[PDB]
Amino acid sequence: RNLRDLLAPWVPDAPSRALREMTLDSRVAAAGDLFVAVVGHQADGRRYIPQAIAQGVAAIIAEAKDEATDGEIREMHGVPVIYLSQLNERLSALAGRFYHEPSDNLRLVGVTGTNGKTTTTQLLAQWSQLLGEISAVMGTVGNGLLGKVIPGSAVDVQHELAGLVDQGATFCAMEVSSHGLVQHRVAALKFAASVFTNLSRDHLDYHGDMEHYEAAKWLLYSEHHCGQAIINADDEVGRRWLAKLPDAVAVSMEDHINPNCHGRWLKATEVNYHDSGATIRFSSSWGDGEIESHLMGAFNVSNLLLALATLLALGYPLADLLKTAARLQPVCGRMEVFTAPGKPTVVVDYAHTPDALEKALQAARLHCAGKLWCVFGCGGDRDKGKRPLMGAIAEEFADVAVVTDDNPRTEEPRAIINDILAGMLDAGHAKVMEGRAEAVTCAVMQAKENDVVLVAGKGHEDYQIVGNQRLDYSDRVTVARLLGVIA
């Protein structure tokens, strides 16, 4: 790491200086560092140049706006200060070079969209690893090699990706937020593939607004190295973009592939939602097949198909993907299915809002031949508004609502339950059982073999907050033990 080499693409004259780390934060800027002084929203890093110098940074790269011309090399207390125009725009490229282009030394797949990013990223990372990659993820859950994900500027992105390259990662599945993209946080990453789960947002009913939003996004897209484009054709915006991208892969489970285009495509032709997952029959430009997914609900069929289409597009052989699909697992505590011979199917999901609970129940219903049970409660000492809404949802979308406790904290547990019941048309038809473990047990032990019990609100969280006490408790463990299986 040398300032002169770092800057060679942009500034030919730059002085030679050994550099340690690259940081935007003057507070942590230490001896030998490159401090990068940016102008942000109500913050100007140039103000902190004297501090950084006093802390012994080897060099500084600074926003040129108002202060200097692009490429201008100055010197303050024997420290080179190099000014660059549009530094925010170029920060990704700058950090990329500094960290030896990590995205050129592994297969990076970006996933964008409002929903399904985490799941699709997890599936990409899992499936690629099943086929022999050392895979990693970067997303909302955290960053790391698979099974080692620990819970962010353009510099942080490149640095983290370099970290992963150093740990041996050959594949990385990255969640890309709309906000990250707009702020040029992934501007210089070489994506092998970019996956769109959707491109549809609220607040775009005026066609001028839809046009500006789309224009902004198309502009951003055109500036990035997206690689193979894999787009969900079941999304309306998805379809519009597919019409403009003859090389993009169209993915559908709802009959939106237009075969006249002769493009690359992948479509589920039939899905059987059953008591332990989904059997997905599909055709594609790569060949046809049948996958046994152990994920639940229609949305996860879509996510799986997107990951499949992506890996096919990257050249992973269909036969090997088919042979490994049954090993794909859900994100822990996300529509995570528990089955045991001759017992009801039990799904653990973290759904703890009206919208999430509704979606979870609708997903569970697809796999449910008998009655759908919903075991849930609401957090105490928190916003109470969702309580009757969750009651109404449980009553509507389940056949049996079992209302119980879920982190009652210092609030009277029964009072929370009463607020839930208040939301129902027929509270008397709900079952109430206090002690969460007892409520779970009640549903699981009474439910028929062909029933499904959704246990909602905790997912992977292994505690029940009663009073001030963080009591050891797991829905997953409770369910596993009742079914005689292992969590």
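In this text, the rigid core denotes the largest set of C-alpha atoms whose superposition between the two forms falls within 1.5 Å. Note that residue numbering follows the sequence shown and begins at 1.
> Superpose by the rigid core: which stretch, 388-396 or 277-285, shows more Cα shift in 8 other deposited structures of this protein?
Replying inline: More C-alpha displacement in 8 other deposited structures of this protein shows up in 388-396.
> With the rigid core as the fit anchor, does 444-452 or 38-46 show bigger C-alpha shifts in 8 other deposited structures of this protein?
Replying inline: Output: 444-452, the stretch lying farther off on average in 8 other deposited structures of this protein.
>> I want to check something about residue 244: across the other compared entries that model its neighbours, is it left unbuilt in at least a third?
In response: Residue 244: modelled in every other compared entry.
> In at least a third of the other compared PDB entries, does residue 376 have no coordinates?
Replying inline: In all of the other entries, residue 376 has coordinates.
>> Unmodelled residues of the deposited sequence between residue 132 and residue 133: none, 1 to 3, 4 to 9, or 10 or more?
In response: Per the record, no deposited residues are absent between residue 132 and residue 133.
> Do the CA atoms of 123-131 or those of 380-388 have the higher mean B-factor in the entry?
Replying inline: The stretch with the larger mean CA B-factor is 380-388.
> Higher mean Cα B-factor in the deposited model: 354-362 or 142-150?
Replying inline: It is 142-150.
> For the listed residues 208, 113, 227, 238, which one has the largest C-alpha B-factor as given in the deposited model?
Replying inline: Across 208, 113, 227, 238, the entry lists the biggest C-alpha B-factor for 208.
>> Can you tell me which of 453, 36, 430, 442 has the maximum CA B-factor listed in the PDB entry?
In response: Comparing C-alpha B-factors across 453, 36, 430, 442, the top value belongs to 430.
>> Lowest, middle or highest third: which one holds residue 171 when the chain's residues are ordered by CA B-factor from the entry?
In response: It belongs to the lowest third of the chain when residues are ordered by C-alpha B-factor.
> In terms of the chain's CA B-factor thirds, is residue 447 lowest, middle or highest?
Replying inline: Within its chain, residue 447 is a middle-third residue by C-alpha B-factor, going by the deposited values.
>> Ranking every modelled residue in this chain by its Cα temperature factor as given in the entry, which third contains residue 341?
In response: Its C-alpha B-factor belongs to the highest third of this chain's values.
>> Ranking the modelled residues of this chain by C-alpha B-factor as given in the entry, is residue 218 in the lowest, middle or highest third?
In response: Middle third by C-alpha B-factor.
> When the modelled residues of the chain are sorted by Cα temperature factor, does residue 71 land in the lowest, middle or highest third?
Replying inline: Highest third - that is where residue 71 ends up once the chain's C-alpha B-factors are sorted.
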